[PDB]
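**Q** Please find one structure pasted underneath; my questions will follow.
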Amino acid sequence: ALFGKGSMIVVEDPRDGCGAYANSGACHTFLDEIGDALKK
Amino acid sequence: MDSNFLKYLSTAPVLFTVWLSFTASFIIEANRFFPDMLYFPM
Amino acid sequence: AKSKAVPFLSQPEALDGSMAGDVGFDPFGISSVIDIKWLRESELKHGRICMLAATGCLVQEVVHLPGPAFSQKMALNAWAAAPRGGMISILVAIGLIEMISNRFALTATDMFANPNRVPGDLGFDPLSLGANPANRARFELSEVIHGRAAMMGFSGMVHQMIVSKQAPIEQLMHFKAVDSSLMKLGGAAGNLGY
Amino acid sequence: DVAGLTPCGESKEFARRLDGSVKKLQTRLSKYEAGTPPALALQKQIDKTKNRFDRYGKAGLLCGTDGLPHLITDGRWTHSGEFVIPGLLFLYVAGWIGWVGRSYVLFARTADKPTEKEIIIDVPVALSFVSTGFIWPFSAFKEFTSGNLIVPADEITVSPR
Amino acid sequence: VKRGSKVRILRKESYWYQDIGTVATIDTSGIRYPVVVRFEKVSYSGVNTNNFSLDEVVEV
Amino acid sequence: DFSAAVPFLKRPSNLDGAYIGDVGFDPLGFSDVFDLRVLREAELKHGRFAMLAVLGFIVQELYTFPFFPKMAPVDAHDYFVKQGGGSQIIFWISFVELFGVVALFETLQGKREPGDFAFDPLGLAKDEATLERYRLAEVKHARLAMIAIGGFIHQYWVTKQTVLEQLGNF
Ligand code: CLA
Ligand code: CLA
Ligand SMILES: CCCCCCCCCCCCCCCC(=O)OC[C@H](COP(=O)(O)OC[C@@H](O)CO)OC(=O)CCCCCCCCCCCCCCC
Ligand SMILES: CC1=C(C#C/C(C)=C/C=C/C(C)=C/C=C/C=C(C)/C=C/C=C(\C)C#CC2=C(C)C[C@@H](O)CC2(C)C)C(C)(C)C[C@H](O)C1
Ligand SMILES: CC1=C(C#C/C(C)=C/C=C/C(C)=C/C=C/C=C(C)/C=C/C=C(\C)C#CC2=C(C)C[C@@H](O)CC2(C)C)C(C)(C)C[C@H](O)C1
Ligand SMILES: CC1=C(C#C/C(C)=C/C=C/C(C)=C/C=C/C=C(C)/C=C/C=C(\C)C#CC2=C(C)C[C@@H](O)CC2(C)C)C(C)(C)C[C@H](O)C1
Ligand SMILES: CC1=C(C#C/C(C)=C/C=C/C(C)=C/C=C/C=C(C)/C=C/C=C(\C)C#CC2=C(C)C[C@@H](O)CC2(C)C)C(C)(C)C[C@H](O)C1
Ligand SMILES: CC1=C(C#C/C(C)=C/C=C/C(C)=C/C=C/C=C(C)/C=C/C=C(C)/C=C/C2=C(C)CCCC2(C)C)C(C)(C)C[C@H](O)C1
Ligand SMILES: CCCCCCCCCCCCO[C@@H]1O[C@H](CO)[C@@H](O[C@H]2O[C@H](CO)[C@@H](O)[C@H](O)[C@H]2O)[C@H](O)[C@H]1O
């Protein structure tokens with residue numbers, strides 16, 4: 001079926017297990033920057 | 001834009017000076033970012 | 001007789017509302033100088049490449065071909081890491097696609113020499129999805145708009161990859177703002193060089 | 001190596017060229033204070049000099065007894081980046097300019113007044129022509145073979161002799 | 001030839017030898033050079049027209 | 001024969017009151033030399049910049065965005081020179097001014113009023129009569145704001161106080 005156990009498609013999560021907004025230090029989203037800009 | 005001023009900018013000395021200044025300008029910019037190209041690098 | 005896109009300018013000639021996305025936008029009057037057939041061929045070509053390029057940046061963020069040479073999440077690093085033989089293979093294949101799909105009428109003097117030739121119509125419909133005449137107007141409109149959007153989006157993503165050395169999705173998810181200490185624009189002649 | 005020359009990366013004369021070229025700039029830098037604009041300018045010149053010599057050493061260039069790079073242009077593929085490949089880039093651009101200008105003079109002959117098109121250039125048409133040059137080897141060879149590049153000898157004005 | 005036709009010059013000392021001009025008029029008298037040919041190119045003298053004989057002129 | 005504004009001066013030949021806000025005031029004779037269309041383009045553009053700037057002053061003392069530091073408007077000019085946002089604003093003004101160059105070419109070609117960008121999103125102009133009334137008001141406000149912004153910046157240069165704080169003090 002092409003590819004194979006050795007050398008198969010690499011699918012990775014860009015999100016890195018954090019939300020779009022309301023995040024901690026490890027994740028600063030673009031919307032978090034909007035929220036940080038509004039509250040300062 | 002005026003058609004006679006565009007026909008003036010289409011004259012041979014204006015196009016020659018603009019084209020060779022543009023030509024000189026990208027030779028200058030290419031030798032600015034990538035200087036000392038004595039050879040094709042390979 | 002004013003433009004609908006730019007209401008204070010006159011409606012440009014060679015723009016008559018026949019083409020998809022013909023909203024009357026040509027302030028600089030390039031269509032008065034350059035034949036609208038060539039400009040629509042070039043607009044469709046830029047947009048189609050950009051639609052793949054935008055999808056390329058996002059999909060290369062999510063999925064990779066296997067192997068260490070294809071493991072570059074950030075898209076501008078994939079340019080350097082990907083095997084040169086294969087990237088030049090892509091380039092040569094693109095050149096072959098350009099000569100066959102344009103049918104050796106490639107220049108601005110001989111593309112559209114055939115009166116049957118239509119701007120953007122390279123004969124590309126492998127699954128005959130344009131077999132229905134009714135969808136043709138919507139599809140051509142939605143292709144043009146998707147193309148324009150993807151031109152703007154890919155341009156953004158590249159220049160956001162330059163500013164922030166981060167891939168677009170993980171630049172949105174790990175956003176760090178512009179400090180302005182570095183990435184200053186211009187300045188080659190202000191300091192007189194150096 | 002080739003022609004009794006030495007690779008620039010291991011020749012001592014190239015190294016003393018780099019060292020002398022940097023000493024000249026360092027003695028000019030020795031008369032300025034650290035943050036001043038001339039000192040910053042001179043240091044960037046030193047950086048450029050070091051980058052040039054560092055790049056030339058690892059490029060496969062061959063130096064002489066004088067410590068300067070020498071170009072081998074006999075056709076060998078280990079040195080094709082000094083003349084054969086830059087020459088191919090030139091001939092592509094030169095044939096581009098020639099094909100584009102030839103196409104414009106043939107256009108201008110079919111004008112209402114041919115000589116105004118050469119002092120007042122029809123810029124949209126001439127830009128159509130400058131775009132034509134990217135496939136000039138094929139365009140010009142098809143032009144040659146289709147009897148459209150070469151005119152016969154009996155269509156050319158010649159002196160009585 | 002006839003008036004208005006395009007003609008190739010066969011006079012070896014002509015400026016426009018083996019070039020194309022167009023015939024303006026042809027005299028009917030005992031004229032030595034009746035074919036008057038006008039040319040797009042101008043000569044070194046600036047003249048752009050000259051009279052030629054029939055045996056110095058061929059239709060194209 | 002004579003000017004409506006200056007009774008003892010003659011009315012300039014090129015000033016026929018066609019442009020709203022005309023009162024015949026042109027002693028130095030700039031309309032006898034230059035195209036009035038271009039001059040009304042320039043008057044409305046300078047005035048619109050000045051009106052946006054006088055509102056710019058007043059709002060910038062009253063409020064500033066939380067992401068930007070609190071500071072005086074001339075200090076804001078220098079900060080955004082060094083920060084990058086000034087270059088942003090200059091780029092986007094320049095981008096709009098490209099189509100402004102096209103617009104001025106449309107005016108010179110006779111096919112556009114000197115200040116018209118057909119910018120009426122909120123449909124405030126109802127018919128021709130109110131458009132003329134608003135237009136006279138716009139030119140009067142434009143001229144008044146040109147004088148006002150010069151006062152606000154010059155007063156700050158002399159006394160290092162903002163316009164609202166200068167009214168508040170003294
Ligand atoms: C503008 C188009 C464009 C360009 C220049 C590139 C360039 C590249 N890609 Mg990307 N890519 C693209 C679009 C593009 N991609 C699209 C649309 C997708 C989604 C299917 C991907 C998904 C993708 C993955 C998953 C990976 C790359 C990778 C790479 C690199 C190595 C080449 C390779 O293995 O490709 C692989 C290419 C594919 C799997 C699909 C690309 C083919 C698309 C559909 C174009 C097809 C059009 C084609 C010309 C036929 C149309 C002809 C007709 C209309 C006339 C290189 C930097 C690798 C890399 O280093 O990134 C980390 C890698 O792992 N590409
Ligand atoms: C004449 C035919 C030919 C031959 C013999 C080769 C040979 C090679 N290629 Mg090249 N290649 C070709 C045509 C060819 N290529 C064309 C026409 C293209 C452009 C579309 C490419 C693009 C290309 C890339 C981008 C890469 C190679 C690589 C390789 C090498 C490793 C191959 C390997 O491991 O395969 C075994 C692996 C496979 C069979 C995996 C296939 C992966 C999937 C099918 C890709 C998805 C296709 C995608 C949807 C593209 C659609 C667009 C297309 C229809 C136009 C090998 C030297 C690679 C290399 O140099 O690595 C060292 C590499 O990175 N090739
Ligand atoms: C349709 C596609 C639309 C493209 C839009 C372009 C977006 C980016 C444009 C610039 C963004 C903001 C610039 C601020 C950045 C800026 O203004 O920096 C300033 C820089 C000059 O440096 P200074 O004198 O400002 O130094 C100032 C000191 O403060 C620092 O030393 O201006 C330039 O000349 C740089 C641009 C290159 C000029 C030539 C470009 C290449 C010419 C190609 C042919 C013409 C193309 C158009 C030329 C204008
Ligand atoms: C022409 C033009 C346009 C265009 C366009 C553009 C820009 C098109 C770009 C097209 C692209 C990017 C095509 C990419 C093909 C990639 C391939 C075949 C990958 C093969 C991987 C292989 C063989 C492998 C391997 C393996 C190796 C060696 C070792 C392992 O450790 C790794 C691995 C396991 C993976 C369009 C269509 C828009 C419009 C118009 O018509 C004009
Ligand atoms: C996928 C991917 C990559 C890639 C790639 C590739 C092949 C990239 C090629 C990308 C292309 C073709 C980009 C073209 C963009 C065109 C634009 C922005 C048009 C702008 C015009 C505008 C805004 C306008 C206008 C106007 C009009 C209409 C009317 C006028 O009167 C006036 C005006 C001028 C104002 C890389 C290599 C990075 C690797 C990576 O790993 C994966
Ligand atoms: C025609 C044809 C068929 C086909 C086909 C194909 C290949 C169809 C594929 C069509 C595609 C690939 C369409 C993709 C459009 C992408 C767009 C519009 C993205 C715009 C991005 C934007 C606006 C952005 C942005 C962003 C900015 C800058 C900030 C970033 O931080 C993040 C963010 C991403 C948000 C087939 C072959 C089936 C057969 C058929 O018989 C005929
Ligand atoms: C930098 C910055 C911002 C900003 C800003 C901006 C863009 C400000 C723009 C300001 C502008 C464009 C001001 C324009 C002024 C023109 C004047 C006063 C004309 C005077 C002519 C006269 C009196 C006359 C006359 C004549 C007439 C007609 C007839 C003639 O025959 C005779 C005569 C010569 C007498 C702000 C301020 C928001 C704050 C921000 O934090 C930082
Ligand atoms: C340098 C610089 C800056 C700047 C700046 C700027 C925008 C400076 C702008 C200065 C301006 C607009 C000066 C003009 C003021 C108007 C005058 C003098 C007309 C008065 C009326 C008169 C004379 C007569 C009126 C008449 C009378 C008698 C009454 C009737 C009416 C009339 C007949 C017309 C920053 C802020 C960017 C900071 C940075 O550091 C660089
Ligand atoms: C079946 C073939 C039908 C047509 C074949 C004709 C081919 C036309 C010219 C082929 C040129 C080959 O192109 C050349 O080969 C491969 C392609 O990845 C590259 O080789 C590179 O990748 C391979 C694959 O892992 C490595 O083993 C190798 O060490 C590395 O240098 C070369 O850098 C490239 O220069």
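Each chain in the structure tokens gets a letter, A, B and so on, in the order shown; residues start at 1 in every chain, and ligands are counted from 1 in the order they appear.
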Write out as a count of residues only each polymer residue (protein, DNA or RNA) that has an atom no more than 9 Å from ligand 5, with only C-alpha atoms and all ligand atoms counted.

**A** 47

**Q** Give as a PyMOL selection string every residue of chain B that touches chain C within 12 Å, counting only C-alpha atoms.

**A** chain B and resi 1+3+6+29+32-33

**Q** Restrict the selected residues to C-alpha atoms and save them as a PDB file, in the first residue's frame.

**A**
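Final output, saved to result-v2.pdb:
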```
ATOM      1  CA  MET B   1      -1.913  59.455 -16.622  1.00  0.00           C
ATOM      2  CA  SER B   3      -0.625  59.782 -22.909  1.00  0.00           C
ATOM      3  CA  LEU B   6       3.861  58.243 -21.224  1.00  0.00           C
ATOM      4  CA  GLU B  29      22.054  44.589  -5.120  1.00  0.00           C
ATOM      5  CA  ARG B  32      25.679  43.593  -2.089  1.00  0.00           C
ATOM      6  CA  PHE B  33      23.969  40.536  -0.643  1.00  0.00           C
TER       7      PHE B  33
END
```

**Q** Tell me as a list in words which residues belonging to chain A come within 10 Å of chain F, counting only C-alpha atoms.

**A**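 Selected residues: residues 33, 34, 36, 37, 38, 39 and 40 of chain A.
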
**Q** Using backbone DSSP assignments, extract all alpha helix (DSSP H) residues from chain B; output them as a ChimeraX atom specification.

**A** /B:3-9,12-33

**Q** Compute the set of protein, DNA and RNA residues whose minimum atom distance to ligand 4 is at most 6 Å, using only C-alpha atoms and all ligand atoms, and state it as a list in words.

**A** residues 7 of chain A; 45, 48, 49, 65, 66, 67, 68, 90, 94, 97 and 98 of chain C

**Q** Keeping only N, CA, C and O atoms, write the selected residues as a JSON list (two decimals), in the first residue's frame.

**A**
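Result went into selection-v7.json, see below:
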```json
[["chain", "number", "residue", "atom", "x", "y", "z"],
["A", 7, "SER", "N", 9.61, 3.59, 7.66],
["A", 7, "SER", "CA", 9.34, 4.78, 6.81],
["A", 7, "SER", "C", 7.84, 4.91, 6.49],
["A", 7, "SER", "O", 7.46, 4.55, 5.36],
["C", 45, "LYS", "N", -2.61, 31.25, -12.87],
["C", 45, "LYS", "CA", -1.40, 30.46, -12.62],
["C", 45, "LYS", "C", -0.78, 30.79, -11.27],
["C", 45, "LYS", "O", -0.42, 29.88, -10.51],
["C", 48, "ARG", "N", -3.17, 29.37, -8.48],
["C", 48, "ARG", "CA", -3.17, 27.89, -8.39],
["C", 48, "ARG", "C", -1.89, 27.44, -7.68],
["C", 48, "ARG", "O", -1.98, 26.56, -6.81],
["C", 49, "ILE", "N", -0.75, 28.04, -8.03],
["C", 49, "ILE", "CA", 0.54, 27.69, -7.37],
["C", 49, "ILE", "C", 0.42, 28.08, -5.90],
["C", 49, "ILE", "O", 0.80, 27.27, -5.04],
["C", 65, "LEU", "N", 6.36, 13.45, 4.67],
["C", 65, "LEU", "CA", 6.87, 12.21, 4.15],
["C", 65, "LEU", "C", 7.89, 11.69, 5.16],
["C", 65, "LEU", "O", 8.52, 12.47, 5.87],
["C", 66, "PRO", "N", 8.06, 10.37, 5.25],
["C", 66, "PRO", "CA", 9.03, 9.82, 6.20],
["C", 66, "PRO", "C", 10.47, 10.19, 5.91],
["C", 66, "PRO", "O", 10.80, 10.84, 4.92],
["C", 67, "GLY", "N", 11.33, 9.89, 6.87],
["C", 67, "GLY", "CA", 12.74, 10.11, 6.68],
["C", 67, "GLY", "C", 13.21, 11.40, 7.30],
["C", 67, "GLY", "O", 12.42, 12.31, 7.55],
["C", 68, "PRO", "N", 14.51, 11.49, 7.59],
["C", 68, "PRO", "CA", 15.04, 12.72, 8.21],
["C", 68, "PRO", "C", 15.12, 13.91, 7.27],
["C", 68, "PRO", "O", 15.10, 15.05, 7.75],
["C", 90, "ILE", "N", 11.54, 18.13, -9.34],
["C", 90, "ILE", "CA", 10.29, 18.90, -9.29],
["C", 90, "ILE", "C", 10.35, 20.07, -10.27],
["C", 90, "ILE", "O", 9.40, 20.30, -11.02],
["C", 94, "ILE", "N", 8.11, 20.56, -13.57],
["C", 94, "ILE", "CA", 7.31, 21.77, -13.74],
["C", 94, "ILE", "C", 7.56, 22.38, -15.12],
["C", 94, "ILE", "O", 6.62, 22.78, -15.81],
["C", 97, "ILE", "N", 5.79, 20.21, -17.63],
["C", 97, "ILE", "CA", 4.35, 20.48, -17.51],
["C", 97, "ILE", "C", 3.99, 21.78, -18.21],
["C", 97, "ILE", "O", 2.97, 21.87, -18.91],
["C", 98, "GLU", "N", 4.83, 22.80, -18.05],
["C", 98, "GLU", "CA", 4.63, 24.07, -18.73],
["C", 98, "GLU", "C", 4.73, 23.93, -20.25],
["C", 98, "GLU", "O", 3.97, 24.57, -20.97]]
```

**Q** At a cut-off of 6 Å, which residues of chain A touch chain C? Count only C-alpha atoms and give the answer as a ChimeraX atom specification.

**A** /A:7-12,14-15,27-30

**Q** Would you output that residue set with C-alpha atoms, as a PDB file, in the first residue's frame?

**A**
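Result went into out-v5.pdb, see below:
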```
ATOM      1  CA  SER A   7       9.339   4.784   6.814  1.00  0.00           C
ATOM      2  CA  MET A   8       5.595   5.658   7.183  1.00  0.00           C
ATOM      3  CA  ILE A   9       3.843   9.109   6.944  1.00  0.00           C
ATOM      4  CA  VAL A  10       4.747  11.314   9.991  1.00  0.00           C
ATOM      5  CA  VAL A  11       1.584  12.996  11.353  1.00  0.00           C
ATOM      6  CA  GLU A  12       2.205  15.384  14.255  1.00  0.00           C
ATOM      7  CA  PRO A  14       1.015  21.407  15.686  1.00  0.00           C
ATOM      8  CA  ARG A  15      -1.343  22.487  18.455  1.00  0.00           C
ATOM      9  CA  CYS A  27       1.340  28.130  25.366  1.00  0.00           C
ATOM     10  CA  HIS A  28       0.940  31.701  24.251  1.00  0.00           C
ATOM     11  CA  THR A  29      -1.506  31.737  21.354  1.00  0.00           C
ATOM     12  CA  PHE A  30      -2.173  34.627  18.996  1.00  0.00           C
TER      13      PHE A  30
END
```

**Q** Show me, as an mmCIF file with N, CA, C and O atoms, in the first residue's frame, the residues that have an atom within 9 Å of residue 132 in chain D when counting only C-alpha atoms, minus same-chain residues fewer than 4 positions from it.

**A**
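Saved file around24.cif follows:
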```cif
data_model
loop_
_atom_site.group_PDB
_atom_site.id
_atom_site.type_symbol
_atom_site.label_atom_id
_atom_site.label_comp_id
_atom_site.auth_asym_id
_atom_site.auth_seq_id
_atom_site.Cartn_x
_atom_site.Cartn_y
_atom_site.Cartn_z
ATOM 1 N N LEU C 106 4.040 29.036 -25.402
ATOM 2 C CA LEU C 106 4.364 29.485 -24.053
ATOM 3 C C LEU C 106 4.566 30.985 -23.917
ATOM 4 O O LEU C 106 4.328 31.535 -22.842
ATOM 5 N N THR C 107 5.022 31.659 -24.963
ATOM 6 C CA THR C 107 5.372 33.064 -24.888
ATOM 7 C C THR C 107 4.154 33.964 -24.995
ATOM 8 O O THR C 107 3.045 33.540 -25.320
ATOM 9 N N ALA C 108 4.396 35.252 -24.748
ATOM 10 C CA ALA C 108 3.399 36.302 -24.838
ATOM 11 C C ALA C 108 3.083 36.690 -26.262
ATOM 12 O O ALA C 108 2.340 37.644 -26.475
ATOM 13 N N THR C 109 3.731 36.050 -27.222
ATOM 14 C CA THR C 109 3.484 36.218 -28.629
ATOM 15 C C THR C 109 2.770 35.024 -29.244
ATOM 16 O O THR C 109 2.263 35.148 -30.351
ATOM 17 N N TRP D 96 18.974 35.721 -24.997
ATOM 18 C CA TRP D 96 17.711 36.335 -24.611
ATOM 19 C C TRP D 96 17.626 37.753 -25.147
ATOM 20 O O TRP D 96 16.678 38.072 -25.856
ATOM 21 N N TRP D 99 17.481 37.700 -29.070
ATOM 22 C CA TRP D 99 16.193 37.242 -29.580
ATOM 23 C C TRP D 99 15.101 38.270 -29.337
ATOM 24 O O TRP D 99 14.248 38.496 -30.200
ATOM 25 N N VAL D 100 15.156 38.944 -28.192
ATOM 26 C CA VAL D 100 14.146 39.926 -27.823
ATOM 27 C C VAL D 100 14.265 41.171 -28.693
ATOM 28 O O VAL D 100 13.264 41.676 -29.220
ATOM 29 N N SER D 103 13.210 40.243 -32.306
ATOM 30 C CA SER D 103 11.764 40.159 -32.392
ATOM 31 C C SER D 103 11.147 41.550 -32.412
ATOM 32 O O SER D 103 10.189 41.796 -33.154
ATOM 33 N N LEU D 127 7.684 44.825 -23.864
ATOM 34 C CA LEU D 127 7.672 43.995 -22.666
ATOM 35 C C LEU D 127 7.120 42.606 -22.944
ATOM 36 O O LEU D 127 7.561 41.637 -22.309
ATOM 37 N N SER D 128 6.190 42.491 -23.906
ATOM 38 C CA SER D 128 5.782 41.180 -24.401
ATOM 39 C C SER D 128 6.975 40.460 -24.999
ATOM 40 O O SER D 128 7.216 39.275 -24.722
ATOM 41 N N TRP D 136 14.333 31.245 -25.867
ATOM 42 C CA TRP D 136 15.035 31.603 -27.096
ATOM 43 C C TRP D 136 15.817 30.480 -27.792
ATOM 44 O O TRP D 136 15.935 30.587 -29.020
ATOM 45 N N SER D 139 13.057 28.699 -29.633
ATOM 46 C CA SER D 139 12.366 29.655 -30.499
ATOM 47 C C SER D 139 13.239 30.064 -31.670
ATOM 48 O O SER D 139 12.787 30.087 -32.816
#
```

**Q** Considering only C-alpha atoms and all ligand atoms, state which residue in the set F:14, F:169, F:94, F:155 is at the smallest distance from ligand 8.

**A**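 Counting only C-alpha atoms and all ligand atoms, the residue closest to ligand 8 is F:155.
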
**Q** Residues of chain D near chain E: apply a cut-off of 10 Å, count only C-alpha atoms, and supply the list as a PyMOL selection string.

**A** chain D and resi 114+153-161

**Q** Using only C-alpha atoms, which residues sit within 12 Å of residue 151 in chain F once same-chain residues fewer than 5 positions away are excluded, as a ChimeraX atom specification?

**A** /F:50,53-54,57,144-146,156-159,162-163,166

**Q** Export N, CA, C and O atoms of the chosen residues as a PDB file, in the first residue's frame?

**A**
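Saved file again14.pdb follows:
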```
ATOM      1  N   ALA F  50      -5.109  66.831   8.810  1.00  0.00           N
ATOM      2  CA  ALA F  50      -5.138  67.691   9.987  1.00  0.00           C
ATOM      3  C   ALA F  50      -6.322  67.390  10.901  1.00  0.00           C
ATOM      4  O   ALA F  50      -6.183  67.437  12.124  1.00  0.00           O
ATOM      5  N   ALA F  53      -5.619  64.276  12.673  1.00  0.00           N
ATOM      6  CA  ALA F  53      -4.589  64.520  13.669  1.00  0.00           C
ATOM      7  C   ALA F  53      -5.100  65.267  14.894  1.00  0.00           C
ATOM      8  O   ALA F  53      -4.603  65.034  15.993  1.00  0.00           O
ATOM      9  N   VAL F  54      -6.006  66.234  14.725  1.00  0.00           N
ATOM     10  CA  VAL F  54      -6.518  66.962  15.890  1.00  0.00           C
ATOM     11  C   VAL F  54      -7.379  66.046  16.756  1.00  0.00           C
ATOM     12  O   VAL F  54      -7.235  66.028  17.993  1.00  0.00           O
ATOM     13  N   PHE F  57      -4.644  63.868  18.563  1.00  0.00           N
ATOM     14  CA  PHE F  57      -4.224  64.499  19.813  1.00  0.00           C
ATOM     15  C   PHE F  57      -5.212  64.232  20.926  1.00  0.00           C
ATOM     16  O   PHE F  57      -4.879  63.488  21.857  1.00  0.00           O
ATOM     17  N   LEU F 144      -9.852  74.919   9.339  1.00  0.00           N
ATOM     18  CA  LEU F 144      -9.760  75.187  10.771  1.00  0.00           C
ATOM     19  C   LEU F 144      -8.860  74.178  11.473  1.00  0.00           C
ATOM     20  O   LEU F 144      -8.085  74.546  12.356  1.00  0.00           O
ATOM     21  N   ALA F 145      -8.938  72.910  11.084  1.00  0.00           N
ATOM     22  CA  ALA F 145      -8.084  71.895  11.678  1.00  0.00           C
ATOM     23  C   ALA F 145      -6.634  72.027  11.248  1.00  0.00           C
ATOM     24  O   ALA F 145      -5.755  71.587  11.986  1.00  0.00           O
ATOM     25  N   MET F 146      -6.383  72.578  10.061  1.00  0.00           N
ATOM     26  CA  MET F 146      -4.975  72.802   9.634  1.00  0.00           C
ATOM     27  C   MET F 146      -4.350  73.830  10.578  1.00  0.00           C
ATOM     28  O   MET F 146      -3.247  73.566  11.099  1.00  0.00           O
ATOM     29  N   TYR F 156       2.891  72.790  22.216  1.00  0.00           N
ATOM     30  CA  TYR F 156       3.645  71.718  22.916  1.00  0.00           C
ATOM     31  C   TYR F 156       5.146  72.010  22.849  1.00  0.00           C
ATOM     32  O   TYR F 156       5.844  71.802  23.856  1.00  0.00           O
ATOM     33  N   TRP F 157       5.629  72.470  21.693  1.00  0.00           N
ATOM     34  CA  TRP F 157       7.076  72.764  21.534  1.00  0.00           C
ATOM     35  C   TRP F 157       7.479  73.884  22.497  1.00  0.00           C
ATOM     36  O   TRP F 157       8.561  73.777  23.103  1.00  0.00           O
ATOM     37  N   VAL F 158       6.630  74.904  22.636  1.00  0.00           N
ATOM     38  CA  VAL F 158       6.935  76.052  23.541  1.00  0.00           C
ATOM     39  C   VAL F 158       6.714  75.613  24.993  1.00  0.00           C
ATOM     40  O   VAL F 158       7.668  75.718  25.788  1.00  0.00           O
ATOM     41  N   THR F 159       5.511  75.133  25.320  1.00  0.00           N
ATOM     42  CA  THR F 159       5.220  74.691  26.677  1.00  0.00           C
ATOM     43  C   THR F 159       4.955  73.199  26.631  1.00  0.00           C
ATOM     44  O   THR F 159       4.004  72.762  25.980  1.00  0.00           O
ATOM     45  N   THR F 162       0.282  69.048  27.112  1.00  0.00           N
ATOM     46  CA  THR F 162      -0.632  68.606  26.088  1.00  0.00           C
ATOM     47  C   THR F 162      -1.794  69.588  26.021  1.00  0.00           C
ATOM     48  O   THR F 162      -1.978  70.392  26.932  1.00  0.00           O
ATOM     49  N   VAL F 163      -2.558  69.528  24.924  1.00  0.00           N
ATOM     50  CA  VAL F 163      -3.617  70.509  24.665  1.00  0.00           C
ATOM     51  C   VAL F 163      -4.705  70.482  25.745  1.00  0.00           C
ATOM     52  O   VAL F 163      -5.109  71.537  26.250  1.00  0.00           O
ATOM     53  N   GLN F 166      -3.115  71.749  28.834  1.00  0.00           N
ATOM     54  CA  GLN F 166      -2.839  73.183  28.750  1.00  0.00           C
ATOM     55  C   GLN F 166      -4.103  73.998  28.971  1.00  0.00           C
ATOM     56  O   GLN F 166      -4.042  75.089  29.545  1.00  0.00           O
TER      57      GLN F 166
END
```

**Q** In terms of the shortest atom-to-atom distance over only C-alpha atoms, which of F:120, F:127, F:106, F:165 is closest to chain B?

**A**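 Looking only at the distances to chain B, the closest residue turns out to be F:106.
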
**Q** Determine, for each residue of chain C having at least one atom at most 7 Å from an atom of ligand 2, the closest pair of atoms and their separation in Å to one decimal, counting only C-alpha atoms and all ligand atoms; order by chain and ascending number, as a Markdown table.

**A**
```
| residue | atom | partner | partner_atom_place_in_ligand_line | distance |
| --- | --- | --- | --- | --- |
| C:82 | CA | ligand 2 | 64 (O) | 5.9 |
| C:83 | CA | ligand 2 | 60 (O) | 4.6 |
| C:84 | CA | ligand 2 | 60 (O) | 6.4 |
| C:85 | CA | ligand 2 | 60 (O) | 4.8 |
| C:86 | CA | ligand 2 | 24 (C) | 3.4 |
| C:87 | CA | ligand 2 | 25 (C) | 5.2 |
| C:89 | CA | ligand 2 | 21 (C) | 4.7 |
| C:90 | CA | ligand 2 | 19 (C) | 4.0 |
| C:93 | CA | ligand 2 | 17 (C) | 5.3 |
```

**Q** Kindly save the residues from that selection, with C-alpha atoms included, as an mmCIF file, in the first residue's frame.

**A**
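Wrote part09.cif, looks like this:
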```cif
data_model
loop_
_atom_site.group_PDB
_atom_site.id
_atom_site.type_symbol
_atom_site.label_atom_id
_atom_site.label_comp_id
_atom_site.auth_asym_id
_atom_site.auth_seq_id
_atom_site.Cartn_x
_atom_site.Cartn_y
_atom_site.Cartn_z
ATOM 1 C CA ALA C 82 14.750 18.277 0.975
ATOM 2 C CA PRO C 83 17.021 16.238 -1.381
ATOM 3 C CA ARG C 84 18.395 18.495 -4.124
ATOM 4 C CA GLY C 85 18.056 15.835 -6.824
ATOM 5 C CA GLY C 86 14.369 15.598 -6.081
ATOM 6 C CA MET C 87 13.789 19.341 -5.860
ATOM 7 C CA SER C 89 13.337 16.876 -10.419
ATOM 8 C CA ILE C 90 10.293 18.903 -9.289
ATOM 9 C CA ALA C 93 8.897 18.318 -14.130
#
```

**Q** Env of residue 11 in chain B: 7 Å cut, atoms = only C-alpha atoms, seq-sep filter 3 positions within chain, self excluded. Answer as a list in words.

**A**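 The neighbour list is residues 7, 8, 14 and 15 of chain B; 119, 120 and 121 of chain D.
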
**Q** Using only C-alpha atoms, which protein or nucleic acid residues come within 12 Å of residue 12 in chain F? Drop anything in the same chain fewer than 2 positions from it, and give the result as number ranges by chain.

**A** F: 1-6, 9-10, 14-17, 22-33, 36
